[PDB]
Structures are given as C-alpha cells and as structure tokens.
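Step one of this worksheet: look at the structure below.
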Amino acid sequence: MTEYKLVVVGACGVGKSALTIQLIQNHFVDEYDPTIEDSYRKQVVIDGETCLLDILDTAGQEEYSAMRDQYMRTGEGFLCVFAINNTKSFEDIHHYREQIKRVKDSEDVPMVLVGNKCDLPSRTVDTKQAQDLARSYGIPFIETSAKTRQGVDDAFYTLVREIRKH
Ligand SMILES: Nc1nc2c(ncn2[C@@H]2O[C@H](COP(=O)(O)OP(=O)(O)O)[C@@H](O)[C@H]2O)c(=O)[nH]1
Ligand SMILES: *CCC(=O)Nc1ncc2c(n1)CCN(Cc1ccccc1)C2
Ligand SMILES: *CCC(=O)Nc1ncc2c(n1)CCN(Cc1ccccc1)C2
Ligand SMILES: [Mg+2]
C-alpha cells in the first residue's frame, strides 16, 4: 500500500512531539523529551484509500547537518508548525520553508502551515496573519490543538492530500 513520508518541523516547544503522539496514539502528552527525534508508522484511511503514514518528529538544529538534509530529502511533505501564543515561532517558519526548498531543490514542495496550541486563550498570532503567510506560499493553513485533538487529523490528512496533488 502507498506510504507517505511526513516530516514535522518548527521551533522547539511548538508541540511537534505532542501533535505526532496525538496523531499516532490518540493521547495528549504533557512532556516528551525535547531532544528526541523519532519516526512512527500508522495505517489510516484517507478519502477511501488505505495508506501508511510514516511520520518523522524532528528534534531541531542541535544535530548534524547531514541528518537534517537526509530527512528533508527523504520527506515527501512537511508540517511547518508554530504555536499561536509564540510570535518568535511564527517568525521562524520562513527559515524552515527556505531550508526544505534548498535541500529538495524545488519551488513546489508539499507543505501545510500549522498553528498549534489553539486551545490557549493568550493568542499572539492571528488567524489572518497566518492565512496571509500560507497564501503567499500556496499552501493550506490549519489551526490545531494537540491537547483537545482539534484539527490534528485534518492537518496530517491535508498534507497527504497535498502529496497526492503533487
Ligand atoms: N495547551 C497546549 N499545550 C500543548 C500543545 N501542544 C503541545 N503542548 C505542550 O507544549 C510543550 C512542548 O510541546 P512538545 O511536543 O514537546 O514540543 P516540540 O519541542 O515541538 O516537540 C509540552 O509541555 C506540551 O504538553 C497544545 O496544542 N496545547
Ligand atoms: C528544544 C529542542 C532541543 O533542545 N532539541 C535538541 N537538543 C539537543 C539535541 C537534539 N535536539 C538532537 C540530538 N542531539 C544529539 C546529537 C545526535 C546526533 C548528532 C549530533 C547531535 C542533541
Ligand atoms: C483550537 C481552536 C479553537 O478552539 N477555536 C475556537 N474554539 C471555540 C470557539 C471558536 N474557535 C470560535 C467561535 N466561538 C467563540 C467566538 C469567537 C468570536 C465570536 C463569537 C464567538 C467558540
Ligand atoms: Mg519534540
């Protein structure tokens, strides 16, 4: 069956691990070692087609450039994650997008902009600002909460749809 290699990227603390564990195991984790970079496989049905999701949960810049270039080359689609209560994490998105584009040597890479922690009242990044950034990239924007599950399946399935559309 078709396998989609998905990579979750974004600043430390945005909720990459929490989103991944919520997608895979259907539980919210209050803590997951921020330094651990692991991959997980799940069989799912997306738009009536049974497929394998192979998801790499990235740890960040504190590892060999050869490791980061390897997963950016192998990865078919990227979840670019920021937290809605962290403007610095939103400002960082363009850095992740740029690095993926360089490695893949392509102006058209399947990606989804994800604004996580949408359950938190203290928003510092508006939906409008995020939608404008995603529109300029020609990619979807989805707000998620790894805590409540809101938008979690939608964000990963939208990225699979972008790969199928590619
Ligand atoms: N309220 C809330 N907390 C979250 C959410 N996602 C992650 N967290 C918390 O934010 C912290 C960092 O999340 P983590 O998955 O480790 O981020 P990572 O460094 O991107 O992997 C942890 O304490 C998580 O429980 C979310 O959607 N809502
Ligand atoms: C907040 C995110 C964070 O601190 N991430 C993080 N910190 C330290 C490390 C890593 N991520 C990734 C793994 N390295 C160890 C390593 C492994 C192989 C090659 C070089 C470095 C530490
Ligand atoms: C994860 C994001 C999330 O929980 N969003 C969200 N939760 C509850 C509400 C809304 N979004 C929007 C609509 N209402 C609140 C509201 C906002 C503006 C005007 C009227 C009502 C519930
Ligand atoms: Mg993590």
Side-chain angles (χ1 to χ4, degrees), residues 4-42 44 46 53-100 102-103 111-135 139-162:
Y4 297 99
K5 297 162 172 67
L6 315 179
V7 184
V8 187
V9 302
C12 181
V14 299
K16 299 182 297 301
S17 292
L19 282 167
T20 298
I21 303 310
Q22 190 52 271
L23 190 280
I24 301 303
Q25 307 294 355
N26 273 261
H27 293 294
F28 172 65
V29 293
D30 292 289
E31 198 275 344
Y32 178 116
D33 190 336
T35 73
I36 295 316
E37 180 160 296
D38 288 347
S39 70
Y40 298 93
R41 266 198 268 257
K42 184 187 178 102
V44 296
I46 305 163
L53 303 189
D54 180 21
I55 303 163
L56 179 71
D57 171 35
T58 73
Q61 225 189 339
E62 306 80 15
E63 61 181 39
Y64 307 139
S65 63
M67 295 169 63
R68 292 179 265 120
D69 297 352
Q70 180 78 10
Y71 67 68
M72 295 185 177
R73 190 91 192 173
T74 298
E76 288 175 288
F78 300 81
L79 275 206
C80 293
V81 194
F82 74 92
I84 63 126
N85 69 336
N86 196 291
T87 48
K88 188 174 175 66
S89 77
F90 178 71
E91 279 155 13
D92 286 348
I93 293 298
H94 81 274
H95 297 303
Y96 295 97
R97 166 131 178 118
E98 275 148 36
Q99 290 173 295
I100 294 154
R102 293 190 228 293
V103 172
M111 293 199 201
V112 174
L113 184 62
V114 176
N116 191 48
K117 313 203 178 178
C118 71
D119 56 286
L120 297 174
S122 70
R123 174 184 300 270
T124 61
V125 185
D126 285 343
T127 302
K128 178 64 164 62
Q129 290 168 258
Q131 285 169 336
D132 288 351
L133 183 68
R135 202 166 64 254
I139 70 174
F141 170 64
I142 296 159
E143 279 194 6
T144 63
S145 170
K147 182 171 168 174
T148 70
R149 300 198 184 90
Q150 289 169 271
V152 175
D153 287 344
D154 189 23
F156 286 93
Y157 293 8
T158 300
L159 182 55
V160 171
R161 288 167 187 137
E162 294 294 290

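Index from 1, following the sequence. Note: hydrogens, waters and symmetry copies are ignored here, and every other heavy atom, side chains too, is used. Just follow the structure's listing: the first ligand is 1, and inside any ligand the first atom is 1.
The pair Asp132-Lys128 counts as a salt bridge, with a side-chain nitrogen and a carboxylate oxygen less than 4.0 angstrom apart.
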Tabulation required: pairs of a nitrogen or oxygen in ligand 2 and a protein nitrogen or oxygen under 3.5 Å; columns are atom names and distance to 0.1 Å; otherwise 'none'.
| from | atom 1 | to | atom 2 | distance (Å) |
| --- | --- | --- | --- | --- |
| ligand 2 | 5 (N) | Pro34 | O | 3.3 |
| ligand 2 | 5 (N) | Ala59 | O | 2.9 |
| ligand 2 | 5 (N) | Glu62 | OE1 | 3.2 |
| ligand 2 | 14 (N) | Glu62 | O | 2.9 |

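With hydrogens and angles ignored, the 3.5 Å screen pairs a side-chain donor or acceptor of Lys42 with a backbone N or O of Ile24. Not a single donor-acceptor pair under 3.5 Å links the side chain of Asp126 to the backbone N or O of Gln129. With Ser89 contributing its side chain and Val14 its backbone, the two residues share no donor-acceptor pair below 3.5 Å.
Checked against a 3.5 angstrom limit, the closest N/O atoms of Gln150 and ligand 3 fall inside it.
Taken from NZ in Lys117 to CD1 in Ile84, the straight-line distance is 10.0 Å, to the nearest 0.5 Å. Atom CG of residue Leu23 and atom OH of residue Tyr157 lie 7.0 Å apart, to the nearest 0.5 angstrom. To the nearest 0.5 Å, the span separating CD1 on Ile21 from CD1 on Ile55 amounts to 9.5 Å.
Protein-derived N/O/S atoms nearer than 2.8 Å to the Mg ion (ligand 4) total 1, waters excluded.
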Walk me through whether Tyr71 and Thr58 qualify under side chain to side chain contact (heavy atoms under 4.5 Å, CB included). CA-CA 9 Å; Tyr71 67 68; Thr58 73; 3.5 Å; yes

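Side-chain contact annotation: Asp69 with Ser65, donor-acceptor N/O pair under 3.5 Å absent.
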